[PDB]
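Structure data (compact mmCIF, N, CA and C atoms) from entry14.txt:
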# COMPACT_ATOMS: atom_id res chain seq x y z
N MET Y 1 10.31 -22.72 -101.60
CA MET Y 1 9.91 -24.10 -102.02
C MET Y 1 10.58 -25.14 -101.12
N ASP Y 2 9.81 -26.05 -100.58
CA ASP Y 2 10.40 -27.10 -99.70
C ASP Y 2 10.43 -28.45 -100.41
N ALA Y 3 11.56 -28.82 -100.95
CA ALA Y 3 11.66 -30.13 -101.67
C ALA Y 3 11.71 -31.28 -100.66
N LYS Y 4 12.17 -31.01 -99.46
CA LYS Y 4 12.26 -32.08 -98.43
C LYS Y 4 10.87 -32.68 -98.16
N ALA Y 5 9.84 -31.87 -98.21
CA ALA Y 5 8.47 -32.40 -97.95
C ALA Y 5 8.16 -33.54 -98.92
N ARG Y 6 8.55 -33.41 -100.16
CA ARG Y 6 8.28 -34.49 -101.15
C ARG Y 6 9.01 -35.77 -100.72
N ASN Y 7 10.14 -35.63 -100.09
CA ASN Y 7 10.90 -36.82 -99.63
C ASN Y 7 10.27 -37.38 -98.36
N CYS Y 8 9.59 -36.56 -97.61
CA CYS Y 8 8.94 -37.04 -96.36
C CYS Y 8 7.94 -38.15 -96.68
N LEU Y 9 7.02 -37.89 -97.57
CA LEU Y 9 6.02 -38.94 -97.94
C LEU Y 9 6.73 -40.14 -98.56
N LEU Y 10 7.76 -39.90 -99.33
CA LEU Y 10 8.51 -41.03 -99.95
C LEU Y 10 9.24 -41.82 -98.86
N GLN Y 11 9.72 -41.14 -97.85
CA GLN Y 11 10.43 -41.84 -96.74
C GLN Y 11 9.44 -42.24 -95.64
N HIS Y 12 8.17 -41.97 -95.84
CA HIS Y 12 7.15 -42.32 -94.82
C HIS Y 12 6.56 -43.71 -95.11
N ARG Y 13 7.25 -44.50 -95.90
CA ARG Y 13 6.73 -45.86 -96.22
C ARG Y 13 6.79 -46.76 -94.98
N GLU Y 14 7.87 -46.72 -94.26
CA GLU Y 14 7.99 -47.57 -93.04
C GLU Y 14 6.97 -47.13 -91.99
N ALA Y 15 6.66 -45.86 -91.94
CA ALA Y 15 5.67 -45.36 -90.93
C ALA Y 15 4.25 -45.75 -91.36
N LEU Y 16 3.94 -45.60 -92.62
CA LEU Y 16 2.57 -45.95 -93.11
C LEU Y 16 2.42 -47.48 -93.20
N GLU Y 17 3.46 -48.16 -93.61
CA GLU Y 17 3.38 -49.65 -93.73
C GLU Y 17 2.90 -50.27 -92.42
N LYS Y 18 3.38 -49.78 -91.31
CA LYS Y 18 2.96 -50.34 -89.99
C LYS Y 18 1.66 -49.67 -89.52
N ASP Y 19 1.49 -48.41 -89.81
CA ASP Y 19 0.25 -47.70 -89.37
C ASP Y 19 -0.89 -47.92 -90.37
N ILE Y 20 -0.75 -47.41 -91.56
CA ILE Y 20 -1.83 -47.58 -92.58
C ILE Y 20 -1.40 -48.56 -93.68
N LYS Y 21 -2.01 -49.71 -93.71
CA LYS Y 21 -1.67 -50.73 -94.75
C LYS Y 21 -2.66 -50.62 -95.91
N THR Y 22 -2.20 -50.78 -97.13
CA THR Y 22 -3.11 -50.68 -98.33
C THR Y 22 -4.56 -50.99 -97.94
N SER Y 23 -5.35 -49.97 -97.71
CA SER Y 23 -6.76 -50.18 -97.30
C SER Y 23 -7.60 -48.94 -97.63
N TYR Y 24 -8.86 -48.96 -97.27
CA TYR Y 24 -9.76 -47.79 -97.54
C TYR Y 24 -9.01 -46.45 -97.46
N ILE Y 25 -8.14 -46.29 -96.50
CA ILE Y 25 -7.39 -45.00 -96.40
C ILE Y 25 -6.58 -44.76 -97.68
N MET Y 26 -5.83 -45.74 -98.11
CA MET Y 26 -5.02 -45.56 -99.36
C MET Y 26 -5.92 -45.65 -100.60
N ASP Y 27 -6.90 -46.52 -100.57
CA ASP Y 27 -7.80 -46.65 -101.75
C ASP Y 27 -8.73 -45.44 -101.86
N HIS Y 28 -9.50 -45.17 -100.84
CA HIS Y 28 -10.44 -44.00 -100.88
C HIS Y 28 -9.69 -42.73 -101.29
N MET Y 29 -8.41 -42.68 -101.05
CA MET Y 29 -7.62 -41.46 -101.42
C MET Y 29 -7.32 -41.47 -102.92
N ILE Y 30 -6.68 -42.50 -103.41
CA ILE Y 30 -6.36 -42.57 -104.86
C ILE Y 30 -7.65 -42.46 -105.69
N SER Y 31 -8.66 -43.20 -105.33
CA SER Y 31 -9.94 -43.13 -106.09
C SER Y 31 -10.59 -41.76 -105.92
N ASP Y 32 -10.15 -40.99 -104.95
CA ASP Y 32 -10.75 -39.64 -104.73
C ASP Y 32 -10.58 -38.77 -105.98
N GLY Y 33 -9.54 -39.01 -106.75
CA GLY Y 33 -9.33 -38.20 -107.98
C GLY Y 33 -7.83 -38.05 -108.26
N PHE Y 34 -7.00 -38.30 -107.29
CA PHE Y 34 -5.52 -38.17 -107.51
C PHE Y 34 -5.09 -39.03 -108.71
N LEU Y 35 -5.30 -40.31 -108.63
CA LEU Y 35 -4.90 -41.20 -109.76
C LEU Y 35 -6.12 -41.97 -110.28
N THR Y 36 -6.02 -42.53 -111.46
CA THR Y 36 -7.17 -43.29 -112.03
C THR Y 36 -7.52 -44.47 -111.12
N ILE Y 37 -8.78 -44.83 -111.06
CA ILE Y 37 -9.19 -45.98 -110.20
C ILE Y 37 -8.70 -47.30 -110.82
N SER Y 38 -8.36 -47.30 -112.08
CA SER Y 38 -7.88 -48.55 -112.73
C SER Y 38 -6.64 -49.08 -112.01
N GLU Y 39 -5.88 -48.21 -111.40
CA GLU Y 39 -4.66 -48.66 -110.68
C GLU Y 39 -5.05 -49.48 -109.44
N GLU Y 40 -6.21 -49.23 -108.90
CA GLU Y 40 -6.65 -49.99 -107.69
C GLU Y 40 -6.79 -51.48 -108.03
N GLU Y 41 -7.47 -51.79 -109.10
CA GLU Y 41 -7.64 -53.23 -109.48
C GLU Y 41 -6.28 -53.87 -109.74
N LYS Y 42 -5.31 -53.09 -110.15
CA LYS Y 42 -3.96 -53.66 -110.42
C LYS Y 42 -3.21 -53.89 -109.10
N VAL Y 43 -3.03 -52.85 -108.33
CA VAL Y 43 -2.31 -52.99 -107.03
C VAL Y 43 -2.91 -54.13 -106.20
N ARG Y 44 -4.20 -54.34 -106.31
CA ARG Y 44 -4.86 -55.42 -105.53
C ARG Y 44 -4.13 -56.76 -105.69
N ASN Y 45 -3.72 -57.10 -106.89
CA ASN Y 45 -3.01 -58.40 -107.09
C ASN Y 45 -1.76 -58.23 -107.96
N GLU Y 46 -1.38 -57.02 -108.26
CA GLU Y 46 -0.16 -56.81 -109.10
C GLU Y 46 1.11 -57.11 -108.29
N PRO Y 47 1.24 -56.47 -107.15
CA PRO Y 47 2.43 -56.69 -106.29
C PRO Y 47 2.33 -58.05 -105.59
N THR Y 48 3.39 -58.48 -104.96
CA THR Y 48 3.35 -59.80 -104.25
C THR Y 48 4.00 -59.68 -102.87
N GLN Y 49 5.06 -58.92 -102.76
CA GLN Y 49 5.74 -58.77 -101.44
C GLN Y 49 5.40 -57.41 -100.82
N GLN Y 50 6.23 -56.93 -99.93
CA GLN Y 50 5.96 -55.61 -99.29
C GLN Y 50 5.86 -54.50 -100.35
N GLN Y 51 6.39 -54.74 -101.52
CA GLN Y 51 6.32 -53.70 -102.59
C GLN Y 51 4.88 -53.23 -102.80
N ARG Y 52 3.92 -54.04 -102.45
CA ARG Y 52 2.49 -53.64 -102.62
C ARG Y 52 2.23 -52.28 -101.97
N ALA Y 53 2.58 -52.14 -100.72
CA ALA Y 53 2.36 -50.84 -100.02
C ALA Y 53 3.47 -49.85 -100.37
N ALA Y 54 4.50 -50.30 -101.04
CA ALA Y 54 5.61 -49.37 -101.41
C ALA Y 54 5.26 -48.62 -102.70
N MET Y 55 4.59 -49.27 -103.61
CA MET Y 55 4.22 -48.59 -104.89
C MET Y 55 2.96 -47.74 -104.69
N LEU Y 56 2.13 -48.11 -103.75
CA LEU Y 56 0.89 -47.32 -103.50
C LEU Y 56 1.24 -45.95 -102.91
N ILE Y 57 2.22 -45.91 -102.04
CA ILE Y 57 2.63 -44.61 -101.43
C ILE Y 57 3.39 -43.76 -102.46
N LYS Y 58 4.32 -44.36 -103.16
CA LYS Y 58 5.08 -43.58 -104.18
C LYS Y 58 4.12 -43.04 -105.24
N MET Y 59 3.13 -43.82 -105.61
CA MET Y 59 2.15 -43.35 -106.63
C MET Y 59 1.51 -42.03 -106.18
N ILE Y 60 1.27 -41.89 -104.91
CA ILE Y 60 0.65 -40.62 -104.40
C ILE Y 60 1.52 -39.42 -104.79
N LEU Y 61 2.78 -39.47 -104.47
CA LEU Y 61 3.68 -38.34 -104.81
C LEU Y 61 4.06 -38.37 -106.30
N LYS Y 62 4.10 -39.54 -106.89
CA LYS Y 62 4.46 -39.63 -108.33
C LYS Y 62 3.49 -38.81 -109.19
N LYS Y 63 2.29 -38.61 -108.72
CA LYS Y 63 1.30 -37.82 -109.51
C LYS Y 63 1.51 -36.32 -109.27
N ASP Y 64 1.28 -35.86 -108.07
CA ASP Y 64 1.46 -34.41 -107.78
C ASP Y 64 1.61 -34.19 -106.27
N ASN Y 65 1.97 -33.00 -105.87
CA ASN Y 65 2.13 -32.71 -104.42
C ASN Y 65 0.77 -32.35 -103.80
N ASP Y 66 -0.18 -31.96 -104.60
CA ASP Y 66 -1.52 -31.59 -104.05
C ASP Y 66 -2.15 -32.79 -103.34
N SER Y 67 -2.05 -33.96 -103.92
CA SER Y 67 -2.64 -35.17 -103.27
C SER Y 67 -1.98 -35.42 -101.91
N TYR Y 68 -0.73 -35.09 -101.78
CA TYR Y 68 -0.02 -35.31 -100.49
C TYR Y 68 -0.65 -34.44 -99.39
N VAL Y 69 -1.05 -33.25 -99.73
CA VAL Y 69 -1.67 -32.35 -98.71
C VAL Y 69 -3.08 -32.85 -98.35
N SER Y 70 -3.76 -33.45 -99.29
CA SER Y 70 -5.14 -33.96 -98.99
C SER Y 70 -5.06 -35.16 -98.04
N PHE Y 71 -4.14 -36.06 -98.28
CA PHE Y 71 -4.01 -37.25 -97.39
C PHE Y 71 -3.85 -36.79 -95.93
N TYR Y 72 -3.18 -35.69 -95.72
CA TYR Y 72 -3.00 -35.18 -94.33
C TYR Y 72 -4.35 -34.80 -93.74
N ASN Y 73 -5.22 -34.23 -94.53
CA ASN Y 73 -6.56 -33.84 -94.02
C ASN Y 73 -7.51 -35.04 -94.04
N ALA Y 74 -7.26 -36.00 -94.90
CA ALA Y 74 -8.15 -37.20 -94.96
C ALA Y 74 -8.03 -38.01 -93.67
N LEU Y 75 -6.86 -38.06 -93.09
CA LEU Y 75 -6.67 -38.83 -91.83
C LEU Y 75 -7.21 -38.03 -90.64
N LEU Y 76 -6.97 -36.75 -90.63
CA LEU Y 76 -7.47 -35.91 -89.49
C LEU Y 76 -9.00 -35.88 -89.48
N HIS Y 77 -9.62 -36.28 -90.56
CA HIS Y 77 -11.11 -36.27 -90.62
C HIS Y 77 -11.70 -37.27 -89.62
N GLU Y 78 -10.96 -38.29 -89.28
CA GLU Y 78 -11.48 -39.30 -88.31
C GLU Y 78 -10.76 -39.18 -86.96
N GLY Y 79 -9.54 -39.64 -86.88
CA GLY Y 79 -8.80 -39.55 -85.60
C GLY Y 79 -7.36 -40.04 -85.80
N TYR Y 80 -6.61 -39.36 -86.63
CA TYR Y 80 -5.20 -39.78 -86.88
C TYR Y 80 -4.24 -38.62 -86.61
N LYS Y 81 -4.69 -37.61 -85.92
CA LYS Y 81 -3.82 -36.43 -85.62
C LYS Y 81 -2.44 -36.89 -85.12
N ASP Y 82 -2.37 -38.03 -84.48
CA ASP Y 82 -1.05 -38.52 -83.98
C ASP Y 82 -0.09 -38.75 -85.15
N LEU Y 83 -0.40 -39.68 -86.01
CA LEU Y 83 0.49 -39.95 -87.18
C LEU Y 83 0.48 -38.76 -88.13
N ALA Y 84 -0.67 -38.16 -88.34
CA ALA Y 84 -0.75 -36.99 -89.25
C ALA Y 84 0.28 -35.93 -88.86
N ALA Y 85 0.48 -35.73 -87.59
CA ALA Y 85 1.48 -34.71 -87.14
C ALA Y 85 2.88 -35.13 -87.60
N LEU Y 86 3.17 -36.40 -87.56
CA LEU Y 86 4.52 -36.88 -88.00
C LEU Y 86 4.85 -36.36 -89.40
N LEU Y 87 3.92 -36.46 -90.32
CA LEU Y 87 4.18 -35.96 -91.70
C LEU Y 87 4.18 -34.43 -91.73
N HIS Y 88 3.18 -33.82 -91.15
CA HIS Y 88 3.11 -32.33 -91.15
C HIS Y 88 4.27 -31.73 -90.34
N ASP Y 89 4.92 -32.52 -89.53
CA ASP Y 89 6.06 -31.98 -88.71
C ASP Y 89 7.36 -31.99 -89.52
N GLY Y 90 7.39 -32.71 -90.62
CA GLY Y 90 8.64 -32.76 -91.43
C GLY Y 90 8.43 -32.03 -92.76
N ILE Y 91 7.21 -31.90 -93.20
CA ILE Y 91 6.95 -31.20 -94.50
C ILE Y 91 7.45 -29.74 -94.45
N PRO Y 92 7.04 -29.01 -93.44
CA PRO Y 92 7.47 -27.60 -93.31
C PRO Y 92 8.95 -27.52 -92.90
N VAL Y 93 9.24 -27.53 -91.63
CA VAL Y 93 10.66 -27.45 -91.18
C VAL Y 93 11.12 -28.82 -90.67
N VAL Y 94 12.40 -29.01 -90.51
CA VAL Y 94 12.91 -30.32 -90.02
C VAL Y 94 12.85 -30.37 -88.49
N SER Y 95 13.67 -29.59 -87.83
CA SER Y 95 13.67 -29.59 -86.34
C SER Y 95 14.41 -28.36 -85.81
N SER Y 96 15.62 -28.16 -86.26
CA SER Y 96 16.41 -26.98 -85.79
C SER Y 96 16.23 -25.81 -86.75
N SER Y 97 16.61 -25.98 -87.99
CA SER Y 97 16.47 -24.87 -88.98
C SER Y 97 15.43 -25.25 -90.04

Rewritten as structure tokens:
Amino acid sequence: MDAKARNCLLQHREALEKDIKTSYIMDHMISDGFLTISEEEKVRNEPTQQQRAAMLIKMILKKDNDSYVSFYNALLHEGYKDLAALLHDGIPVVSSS
């Protein structure tokens, strides 16, 4: 069992905040079935500062780890293999061991 992978998505807020900002990528994913769509109408105007993209990412892992694996394939479906590798490179092993 790799618990570090769960921390990768939680610590990937600074990477997604600059790369993927609360948009179709984050919305089309949550509405995909991971979390109820009712949360979308809330996040739209619930947050006010950077916390907006901070609660949207935590919500992904806050539900289950299965949604985290889908987001990796959802980005590779178009052309995000660059950033997608960043997450898939820390989920399994770190670097040395």

Residue contacts of segment 34-50 of chain Y (10 Å, only C-alpha atoms) excluding same-chain residues fewer than 2 positions away, as a ChimeraX atom specification: /Y:17,22-23,26-32,52-56,59-68,70

Kindly provide the residues of segment 2-21 of chain Y that approach segment 77-87 of chain Y to within 8 Å, each paired with its closest atom pair and their distance in Å to one decimal, based on only N, CA and C atoms, listed by chain and increasing number, as a tab-separated table.
residue	atom	partner	partner_atom	distance
Y:5	CA	Y:87	C	7.8
Y:8	C	Y:87	CA	6.6
Y:9	N	Y:87	CA	6.8
Y:12	CA	Y:87	CA	7.7

So, counting only N, CA and C atoms, which residue among Y:20, Y:25, Y:58, Y:91 is closest to residue 4 of chain Y?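 Looking at the shortest contact to residue 4 of chain Y, the residue is Y:91.
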
Atom N of residue 69 of chain Y and atom CA of residue 19 of chain Y, how far apart in Å?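 Between atom CA of residue 19 of chain Y and atom N of residue 69 of chain Y the gap is 17.8 Å.
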
Report the distance between atom C of residue 51 of chain Y and atom N of residue 6 of chain Y in Å, rounded to one decimal place.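 Pair atom C of residue 51 of chain Y / atom N of residue 6 of chain Y returns 20.3 Å.
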